[PDB]
Amino acid sequence: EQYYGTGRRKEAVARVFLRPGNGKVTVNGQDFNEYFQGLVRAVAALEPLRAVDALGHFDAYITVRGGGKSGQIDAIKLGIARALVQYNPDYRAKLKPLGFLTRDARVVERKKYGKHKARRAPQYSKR
Amino acid sequence: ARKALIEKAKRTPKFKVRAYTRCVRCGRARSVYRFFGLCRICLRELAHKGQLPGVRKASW
Amino acid sequence: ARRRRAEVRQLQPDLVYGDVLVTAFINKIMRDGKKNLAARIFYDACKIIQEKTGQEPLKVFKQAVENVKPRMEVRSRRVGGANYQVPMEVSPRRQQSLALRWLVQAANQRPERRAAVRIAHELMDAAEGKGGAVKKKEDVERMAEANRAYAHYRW
Amino acid sequence: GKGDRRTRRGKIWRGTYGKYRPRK
Amino acid sequence: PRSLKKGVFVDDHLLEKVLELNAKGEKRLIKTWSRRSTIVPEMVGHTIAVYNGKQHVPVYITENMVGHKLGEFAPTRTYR
Amino acid sequence: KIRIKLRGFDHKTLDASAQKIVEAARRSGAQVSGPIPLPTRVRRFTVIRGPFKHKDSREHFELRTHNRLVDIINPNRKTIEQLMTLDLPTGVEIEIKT
Amino acid sequence: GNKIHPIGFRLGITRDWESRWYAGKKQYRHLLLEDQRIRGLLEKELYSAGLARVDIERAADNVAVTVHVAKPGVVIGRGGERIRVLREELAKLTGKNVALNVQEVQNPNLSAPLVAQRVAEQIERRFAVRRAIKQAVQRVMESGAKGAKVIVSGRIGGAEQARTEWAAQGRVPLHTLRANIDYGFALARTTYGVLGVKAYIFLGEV
Amino acid sequence: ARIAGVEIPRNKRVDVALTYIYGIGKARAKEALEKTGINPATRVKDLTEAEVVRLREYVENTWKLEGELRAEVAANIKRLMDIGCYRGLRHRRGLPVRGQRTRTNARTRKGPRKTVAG
RNA sequence: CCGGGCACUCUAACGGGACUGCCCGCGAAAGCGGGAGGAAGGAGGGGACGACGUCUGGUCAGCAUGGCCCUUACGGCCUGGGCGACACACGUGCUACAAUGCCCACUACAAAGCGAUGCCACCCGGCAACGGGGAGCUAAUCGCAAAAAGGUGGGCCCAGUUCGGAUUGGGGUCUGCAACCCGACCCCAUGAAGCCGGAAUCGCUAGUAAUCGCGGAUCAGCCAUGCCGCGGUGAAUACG
Ligand SMILES: [Mg+2]
Ligand SMILES: [Mg+2]
Ligand SMILES: [Mg+2]
Ligand SMILES: [Mg+2]
Ligand SMILES: [Mg+2]
Ligand SMILES: [Mg+2]
Ligand SMILES: [Mg+2]
Ligand SMILES: [Mg+2]
Ligand SMILES: [Mg+2]
Ligand SMILES: [Mg+2]
Ligand SMILES: [Mg+2]
Ligand SMILES: [Mg+2]
Ligand SMILES: [Mg+2]
Ligand SMILES: [Mg+2]
Ligand SMILES: [Mg+2]
Ligand SMILES: [Mg+2]
Ligand SMILES: [Mg+2]
Ligand SMILES: [Mg+2]
Ligand SMILES: [Mg+2]
Ligand SMILES: [Mg+2]
Ligand SMILES: [Mg+2]
Ligand SMILES: [Mg+2]
Ligand SMILES: [Mg+2]
Ligand SMILES: [Mg+2]
Ligand SMILES: [Mg+2]
Ligand SMILES: [Mg+2]
Ligand SMILES: [Mg+2]
Ligand SMILES: [Mg+2]
Ligand SMILES: [Mg+2]
Ligand SMILES: [Mg+2]
Ligand SMILES: [Mg+2]
Ligand SMILES: [Mg+2]
Ligand SMILES: [Mg+2]
Ligand SMILES: [Mg+2]
Ligand SMILES: [Mg+2]
Ligand SMILES: [Mg+2]
Ligand SMILES: [Mg+2]
Ligand SMILES: [Zn+2]
């Protein structure tokens, strides 16, 4: 029928729905290659399905929002991972050794006073 | 600061531009927060006392 | 690194080749945090280097980076007055880092107008055994075999 | 770049509007 | 690049004084503590003493200097 | 449409007053949508610690105005029988717009 | 140069505001001014009556001024007389039609501002400050109060050079905010100078 | 390609090559290319004698230009200089006019640095 | 958008969750190395918090205050002027010297805040600053609003230039009683130095540096390139 994976990366949310089909993935009313046109890391979004031999066995519809498009791509990756796990749990044996089920918790660090941007200290000259 | 220099309180400044904040408690000459009507030193001490509701220790 | 060993960062693999050295080189090309523009530079250079010479850019890249890696260098050691240049070997990790840095710096010191063209021709020359990066490498190696009289100061 | 006030980037850096950066 | 954009502002102080001075013939030195006001055409011919903040300096007003202000000719600064 | 805008400087006070209102209205009325939370207005104030510099010492405080919504559906009498004036909380603030 | 105000630290957890109401952009300023006027008046008159805390609450033009006293007999007065004058003088400044409320505080030696006032009083009449200090810490320690601490400011006993006084007991951990640490400050104005009196009192755990 | 009082740009885009005229920047170049009905992206060499003559018609007499403009600006300086204006004094002493600070970084108007002792 | 629904993202209140608990190893112990499970581990990341005291550190020019001097006067009002001065010298920064770049159209993705005459959608006029009209939002519903780098398309062609915007001439808007001293902004024109910087010296060990924009407090206006926050992309390296 259909299986769901959410995923999250750097202030981005990518709801991923997976079904059987030919391998056509659409995003927010655009094909996957028109919305991420000319981005060299876009192929990493459909990377989690290369340990399961999808893209000809599967089909997807994704709705993504928030942050920048790179976080969107990686949240798509994670959401595809969880949808794939809920489809077939045995896929975990080929997923976590690849590392596609781990939530990347690297967040931008808040800015601190006395600094320029949160670590950079202002330059002194003749101490 | 100086008593007479709180003449802004009777405003009648002869011109609408001459209105400045003049923190109520300390009579601050330079740096006054308009929302509290206080200055950074008076705001600091009053928020330390606990007389400004809702004011907590910011941390994140 | 006073306390710990400063564990090496494990870079992400590459989306085109699946190789980590490609991602490291793309990072070395990146400036101001633009990995997208740097990747486009490297891959347009890949197309150019695969067309202007009918070889695979994979093994040419690998052979060039292998040709630029030096085997000895010099470090300054304070002994009996002013310090001296003491030769020694190189770590494999440091060989990798120095090779990629010399690659990028010799590529951008080239006359070619576009960045990708500079990258491609630099990789070609380095894969053939010539070029600017290999010249800097062989100067580093010429520092060795020259002040080798200090071979008893290895430390 | 950002200091050229009759270009678009100099307009967005100063935040103003004009002939070289119309509002909409 | 100087702008007043409508109803070019001239203070009442010297305005009424000079428009009543013109009616009886040209007058000699005048007193001016208001350099905020603009010069108007009918001021030409008089001798206006303006305030430096310390001193009273006389200025000969002519046709050429109509568009400018009183105080362009009274230098506040003193150097060399 | 009976909108009840709840606002305060204290979150537990808002929860107390809102839950009391909803518990009062639940014995008379409908499937009431109940206590929806709204985003909080955060006012930050950075103050240089010491008078007469040491510029780079400043600390900041934050006030936060919390907001809640009730949206009772089809109340007639018994809801407002337990509504007129029965509440304890003081720091809470209630508005009613229709 | 360290050790920020403890009650300002404590305001969030295990401590409450001296004024708890709500306002907006157009109201907060002069309402806070009115609170300051109330506390000013009550510090003018009620200093010698043994008052510790003034808690002011507002729902909607309703004022609930709450005075915590160590001796309610001076606040109420004989036949209630004194709860008439300054309760009317309170409304002769603010036209909000405000009423007054009194409350009892047990063990005046257990409230840190009251202990500060006490030590400052004994300092103004020029007692040996260290005896007042240790005696106050004992008054605190003789009834619960798992910690007590007293600090006095410079020019002690009238000395020309400024100094710093001491003699806490028990355990007074100002660093950790867990266990309801109370604090009070007093000002002793004397001929030689001004003496600050800081009274820290630690009681309870959670 | 002679257009105004002596002015010969060459081998570039026309709108760009018009900036080389004194009283013409990018705005007036775009306006000339607009109202003269000429392709801006054309090279200077490919300009028709009729296109060049129409550009001359417009640019030559619509705005004051090189010699007249230089003399007009310099005579404006002399005009506010001969009057006792403060702005004229700032032009006399060779100091900035727009109301900047002269304690530091008055280099453009005051010339190269002449370092006295201290 | 509607009917409608809470499952989802979300908003915000309470909780669960990590404890070297499991296993191998080493060890007398704490603990250390490795592994699985887990969103996450050996302090998961960031704050708030700064001991007895030190330097007679800093300000009575915030406040409060102990003493010594002032009283037609240091007090006090107002106008003008000043704190903006320049033959120089440093500190902190901003913008740059370009092709991984500039400009031009076209288009997509943030978080945190602010707004009752205050923010100002929208129509008109004006090249524009801005003006006139005027809707809505007591603001998860309205508005500031467009994010910018990025994407595709185009022009530029290694040149003091379609780099760089200082300086200066003119025209004009706006706040304001009033912009000479001494404001910001718009338009035309002028288009300077500068082609990676001597000795020396500074910041940063992970979303960090670097770069990109956004907001805020103070404020009629603003010389803010400052300061305090926000997110976008995202390194290099640590033998010792
Ligand atoms: Mg963050
Ligand atoms: Mg950042
Ligand atoms: Mg410093
Ligand atoms: Mg005083
Ligand atoms: Mg003002
Ligand atoms: Mg002010
Ligand atoms: Mg330009
Ligand atoms: Mg500062
Ligand atoms: Mg007290
Ligand atoms: Mg004593
Ligand atoms: Mg505590
Ligand atoms: Mg509906
Ligand atoms: Mg449910
Ligand atoms: Mg382990
Ligand atoms: Mg492990
Ligand atoms: Mg593990
Ligand atoms: Mg931690
Ligand atoms: Mg921690
Ligand atoms: Mg932590
Ligand atoms: Mg601690
Ligand atoms: Mg000291
Ligand atoms: Mg000193
Ligand atoms: Mg005094
Ligand atoms: Mg100054
Ligand atoms: Mg001199
Ligand atoms: Mg809109
Ligand atoms: Mg709502
Ligand atoms: Mg909505
Ligand atoms: Mg609402
Ligand atoms: Mg192009
Ligand atoms: Mg030159
Ligand atoms: Mg140029
Ligand atoms: Mg060049
Ligand atoms: Mg560190
Ligand atoms: Mg502002
Ligand atoms: Mg200026
Ligand atoms: Mg800014
Ligand atoms: Zn104050």
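Chain B is numbered as in Swiss-Prot; the shown residues are, in order, 2-61.
Per the header: X-ray crystallography, 3.5 Å.
The backbone N, Cα and C atoms fix where each Cβ goes, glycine too.
The Zn(2+) binding site annotation in Swiss-Prot covers B:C24, B:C27, B:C40, B:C43.
Under a cutoff of 8 A between CB atoms, and with a sequence separation of 6+ in the same chain, the neighbours of B:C40 (Zn(2+) binding site) are B:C24, B:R26, B:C27, B:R29, B:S32, B:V33, B:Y34.
Sequence-distant neighbours of B:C43 (Zn(2+) binding site) (same chain, 6+ apart, CB under 8 A from its CB) are B:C24, B:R26, B:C27, B:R29. Note: the Zn(2+) site is recorded as B:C24, B:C27, B:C40, B:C43; in the same chain, B:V25, B:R26, B:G28, B:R29, B:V33, B:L39, B:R41, B:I42, B:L44 also have Cβ atoms within 8 Å of that site's Cβ centroid. Minimal Cβ crowding within 10 Å, among the binding-site residues B:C24, B:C27, is found at B:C27. DSSP assigns B:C40 (Zn(2+) binding site) to a strand in the three-state reduction.
Following the DSSP three-state reduction, the secondary structure of B:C27 (Zn(2+) binding site) is coil. The subset of binding-site residues B:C24, B:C27, B:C40, B:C43 lying near chain E, with Cβ atoms under 8 Å apart, is empty.
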